[PDB]
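Written below as structure tokens is the structure these notes are about.
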Amino acid sequence: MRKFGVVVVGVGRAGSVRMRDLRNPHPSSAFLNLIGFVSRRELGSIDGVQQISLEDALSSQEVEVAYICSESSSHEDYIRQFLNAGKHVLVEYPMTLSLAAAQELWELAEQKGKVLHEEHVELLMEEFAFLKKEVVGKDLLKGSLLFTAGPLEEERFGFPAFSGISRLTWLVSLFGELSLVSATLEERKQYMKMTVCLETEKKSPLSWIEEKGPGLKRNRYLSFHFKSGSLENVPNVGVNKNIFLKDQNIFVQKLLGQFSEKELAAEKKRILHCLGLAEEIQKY
Amino acid sequence: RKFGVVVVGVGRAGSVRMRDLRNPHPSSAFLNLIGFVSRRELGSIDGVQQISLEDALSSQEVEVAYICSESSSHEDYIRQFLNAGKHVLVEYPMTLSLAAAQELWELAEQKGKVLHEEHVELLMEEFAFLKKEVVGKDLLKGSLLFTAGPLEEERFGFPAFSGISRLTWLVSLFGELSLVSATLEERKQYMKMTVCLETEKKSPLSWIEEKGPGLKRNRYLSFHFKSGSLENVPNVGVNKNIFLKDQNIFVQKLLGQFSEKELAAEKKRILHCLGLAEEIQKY
Ligand SMILES: NC(=O)c1ccc[n+]([C@@H]2O[C@H](COP(=O)([O-])OP(=O)(O)OC[C@H]3O[C@@H](n4cnc5c(N)ncnc54)[C@H](OP(=O)(O)O)[C@@H]3O)[C@@H](O)[C@H]2O)c1
Ligand SMILES: NC(=O)c1ccc[n+]([C@@H]2O[C@H](COP(=O)([O-])OP(=O)(O)OC[C@H]3O[C@@H](n4cnc5c(N)ncnc54)[C@H](OP(=O)(O)O)[C@@H]3O)[C@@H](O)[C@H]2O)c1
Numbered sequence: 006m007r008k009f010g011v012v013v014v015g016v017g018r019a020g021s022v023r024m025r026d027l028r029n030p031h032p033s034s035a036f037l038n039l040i041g042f043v044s045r046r047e048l049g050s051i052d053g054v055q056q057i058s059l060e061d062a063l064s065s066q067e068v069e070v071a072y073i074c075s076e077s078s079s080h081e082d083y084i085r086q087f088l089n090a091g092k093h094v095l096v097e098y099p100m101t102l103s104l105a106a107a108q109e110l111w112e113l114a115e116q117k118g119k120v121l122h123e124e125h126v127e128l129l130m131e132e133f134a135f136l137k138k139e140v141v142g143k144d145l146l147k148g149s150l151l152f153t154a155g156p157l158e159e160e161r162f163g164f165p166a167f168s169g170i171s172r173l174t175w176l177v178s179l180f181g182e183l184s185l186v187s188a189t190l191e192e193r194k197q198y199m200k201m202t203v204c205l206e207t208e209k210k211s212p213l214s215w216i217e218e219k220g221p222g223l224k225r226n227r228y229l230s231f232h233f234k235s236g237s238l239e240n241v242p243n244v245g246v247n248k249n250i251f252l253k254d255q256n257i258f259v260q261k262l263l264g265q266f267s268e269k270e271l272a273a274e275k276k277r278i279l280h281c282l283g284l285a286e287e288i289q290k291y
Numbered sequence: 007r008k009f010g011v012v013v014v015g016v017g018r019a020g021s022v023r024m025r026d027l028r029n030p031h032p033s034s035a036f037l038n039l040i041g042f043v044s045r046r047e048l049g050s051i052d053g054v055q056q057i058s059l060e061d062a063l064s065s066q067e068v069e070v071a072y073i074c075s076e077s078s079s080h081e082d083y084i085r086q087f088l089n090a091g092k093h094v095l096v097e098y099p100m101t102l103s104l105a106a107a108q109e110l111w112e113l114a115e116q117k118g119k120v121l122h123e124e125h126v127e128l129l130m131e132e133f134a135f136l137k138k139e140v141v142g143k144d145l146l147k148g149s150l151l152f153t154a155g156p157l158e159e160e161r162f163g164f165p166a167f168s169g170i171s172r173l174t175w176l177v178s179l180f181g182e183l184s185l186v187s188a189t190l191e192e193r194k197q198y199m200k201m202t203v204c205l206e207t208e209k210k211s212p213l214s215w216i217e218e219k220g221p222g223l224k225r226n227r228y229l230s231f232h233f234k235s236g237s238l239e240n241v242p243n244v245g246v247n248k249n250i251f252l253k254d255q256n257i258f259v260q261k262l263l264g265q266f267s268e269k270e271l272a273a274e275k276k277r278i279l280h281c282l283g284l285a286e287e288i289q290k291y
């Protein structure tokens, strides 16, 4: 059995889940081989997995795939280094905090012949499976999505339109490419609220709000209105199941060339579309 | 805006279905389990009420029938519910003859409803893996053995049908297959079916179903390619809601989320297998 060598860079929340998924038996994982991890800190060994240096990780012929799971701000730096070193790259969203940087990195992967992949577990959640099915038949009059959470260090996870690009990705996936009508932002040092206004190609208004402050329980609130009727809640649709694993599975399919050019292009377009809006929003 | 569902036949399959309908899941959000139908008088499984075949066919409220009874009665129930105007999900094998399947597909088509043969075996982790391993390859020779306990042929049918799941793997992994030969041993409480198939590129696949007492339900698999071989599926973890996952495909059909191209490819495959099961039963 021919397995790709993997190293997980940044052993945080995201990183731990990846290591655990690699180490447990699954179809995706059968094709991979976790050779070690890279951390800014001196950890030694997580689950019999050894720490290894950035230096030795880029060097190694054994290592063919880098999972970048560090804070958003360092993503761009690491992606570039691993692509230049000749490795395939999986990176958690947002892949970068600028459109131009994303463009450069895709173009580099393309040139170096490797897969670059922005993880999007939000598209694999139950809540979204349901919405994908509910929206199918419909023509949206107006709609709104609010996400609340605790404070987040912008110096390392970036501006909220980037840190919450997942919410945007929903709206884009559900309703096509969107354009920016306006965007306001309140800050107050440890609170913050971002109010965005988007339109769909058929010119119908979507509202997007991210609120982050202390005492705020991570939550999602959603309301869609169509010509046929409205949806005020997602109903109880059960708990999310291995969203990260599932994303690994898409990545391995890429490594194996199981997706079409048509498909890989649609995805690239979408990712850039969002990164761009995040930027357009941050300007306004 | 939920479809009314009734589960016909409360066995192992039927229990799973009712549990999955009762629990909160994306699929299920679109369905509404109205009742079940049983040859026996059960009363109420989980606050779900028993309802007659008669009142089940009558009801405007009931729009979908899940047929989960023994394979022998599938063809009977499918026809009745399709005639009564209901969409139909049926567990494999949908029928025990090619001809019957063709008629029932043609009936659904004419009545404008979805008919769906369940194939949870395509949703197993073991298959997820094979789907990826096979992708790059050119198969020299290959073999698949499945063992289990005895099974009443009068009610689950001939083994090529009761194990059409195994065939559906080989077909799904290696394209449409042809029959070169097929032998069968019996000693009444034991049985072994040895089949030989070829792929379009004319390379040999062996398929064996063994059923007898004291035999632990098991699968054994060996593929040889021009590049190398595969003697085991490695530990790939346990299966996860294969039935729910099938329901999901069914609902996607109810919402028309699949293309004509896709729905066609699936009908073709299903019939290709039912046909082979028949050609094997002949020989
Ligand atoms: N985890 C999720 O649920 C999730 C979901 C979607 C997207 N993401 C994305 O995934 C990336 C990482 O998110 P995350 O939630 O994993 O970030 P995190 O838990 O805050 O960890 C990020 C980084 O913190 C460093 N670190 C410093 N002190 C640490 C400590 N005491 N414990 C753990 N790590 C520490 C690690 O780098 P070193 O090991 O080198 O120090 C680690 O890579 C972000 O780009 C985020 O946008 C995460
Ligand atoms: N088991 C699986 O994992 C599985 C997987 C794929 C396909 N299938 C297919 O599922 C269909 C049924 O298979 P199955 O495994 O569910 O068969 P099963 O559990 O033996 O049930 C079949 C029928 O037996 C009747 N029955 C009579 N007495 C019973 C009792 N005491 N307890 C439970 N049921 C009793 C039930 O009908 P009444 O309620 O009307 O009495 C039930 O519908 C077949 O086509 C099989 O090929 C099963």
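From first to last, the protein sequence lines stand for chains A and C. Here the first sequence stands for residues 6 to 194, 197 to 291, numbered as in the authors' numbering. Here the second sequence stands for residues 7 to 194, 197 to 291, numbered as in the authors' numbering. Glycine residues also receive a C-beta, built at the ideal position from the N, C-alpha and C atoms.
Distance cut-off 6 angstroms: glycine 169 of chain A Cβ against heavy atoms of ligand 1: no
Start and end residues, beta strand (DSSP E) containing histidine 232 of chain A: 226–233
Sequence-distant residues of its chain with Cβ nearer than 7 angstroms to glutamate 239 of chain C (five each side left out): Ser230
Separation of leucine 63 of chain A from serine 34 of chain C, as counted between CA atoms: 47 angstroms
Nearest neighbour of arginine 18 of chain A, chosen from A:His280, A:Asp144, A:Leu262, A:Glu76 [CA to CA]: A:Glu76
Beta-carbon gap between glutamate 81 of chain A and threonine 101 of chain A smaller than 7 angstroms: yes
Status (buried if at least 16 other CB within 10 Å, exposed otherwise) for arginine 172 of chain C: buried
CB contact below 7 angstroms: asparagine 226 of chain A versus chain C: no
Residue of A:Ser103, A:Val22, A:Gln116, A:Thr207 minimising C-alpha distance to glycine 283 of chain A: A:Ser103
Neighbouring residues, chain A, relative to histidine 31 of chain C (Cβ below 8 angstroms): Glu131, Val244, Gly245
Per-residue contacts from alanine 134 of chain A into chain C (C-beta, under 9 angstroms): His31, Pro32, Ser33, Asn256
Cross-chain neighbours of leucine 263 of chain C in chain A, by beta carbon under 8 angstroms: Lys138, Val141, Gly142
Limits of the alpha helix (DSSP H) - the one that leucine 271 of chain A falls within: 268–290
For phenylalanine 152 of chain C: DSSP bridge partner residues: C:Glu217, C:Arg227
Contacts of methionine 201 of chain A in chain C (Cβ-Cβ under 7 angstroms): Those do not exist, as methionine 201 of chain A stays about 29 angstroms from chain C at its closest Cβ, beyond 7 angstroms.
Test item, CB below 5 angstroms from any non-hydrogen atom of ligand 1: A:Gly15, A:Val16, A:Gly17, A:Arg18, A:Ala19, A:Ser44, A:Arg45, A:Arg46, A:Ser75, A:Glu76, A:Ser77, A:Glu97
Contact residues within the stretch 175–191 of chain A, judged by C-beta distance below 7 angstroms to chain C: none
Cβ-Cβ distance between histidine 122 of chain C and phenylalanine 258 of chain C below 7 angstroms: yes
Cβ pair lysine 119 of chain C, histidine 93 of chain C closer than 7 angstroms: yes
Other residues of its chain near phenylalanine 133 of chain A: CB distance less than 7 angstroms, five sequence neighbours each side excluded: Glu127, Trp175
Contacts of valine 70 of chain C in chain A (Cβ-Cβ under 8 angstroms): Those do not exist, as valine 70 of chain C stays about 15 angstroms from chain A at its closest Cβ, beyond 8 angstroms.
Short Cβ contact (7 angstroms threshold) for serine 149 of chain A with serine 214 of chain A: yes
Start and end residues, alpha helix (DSSP H) containing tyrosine 83 of chain A: 80–89
As assigned by DSSP and simplified to three states, the class of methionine 24 of chain C: helix
Anticipated Cβ contact below 8 angstroms, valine 14 of chain A with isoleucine 73 of chain A, distance rounded: 5 angstroms
Supposed contact pair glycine 163 of chain C and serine 78 of chain C - C-beta distance, whole angstroms, cut 8 angstroms: 6 angstroms
Distance, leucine 146 of chain C Cα to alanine 285 of chain A Cα: 52 angstroms
CA-to-CA distance, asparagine 89 of chain A to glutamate 109 of chain A, given in whole angstroms: 12 angstroms
Distance, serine 44 of chain C Cα to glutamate 131 of chain C Cα: 32 angstroms
Residues near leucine 190 of chain C by beta carbon distance below 6 angstroms, same chain, minus five either side: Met201
First through last residue of the alpha helix (DSSP H) which encompasses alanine 105 of chain C: 104–117
Secondary structure of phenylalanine 164 of chain A, DSSP reduced to three states: coil
Alpha-carbon to alpha-carbon, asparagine 29 of chain C and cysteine 204 of chain C: 43 angstroms
Cβ pair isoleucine 40 of chain A, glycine 10 of chain A closer than 7 angstroms: yes
Contact set between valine 120 of chain C and chain A, taken where Cβ atoms lie within less than 9 angstroms: Ordered by position in chain A, no residue passes the 9 angstroms Cβ test against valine 120 of chain C, which lies about 15 angstroms from the chain.
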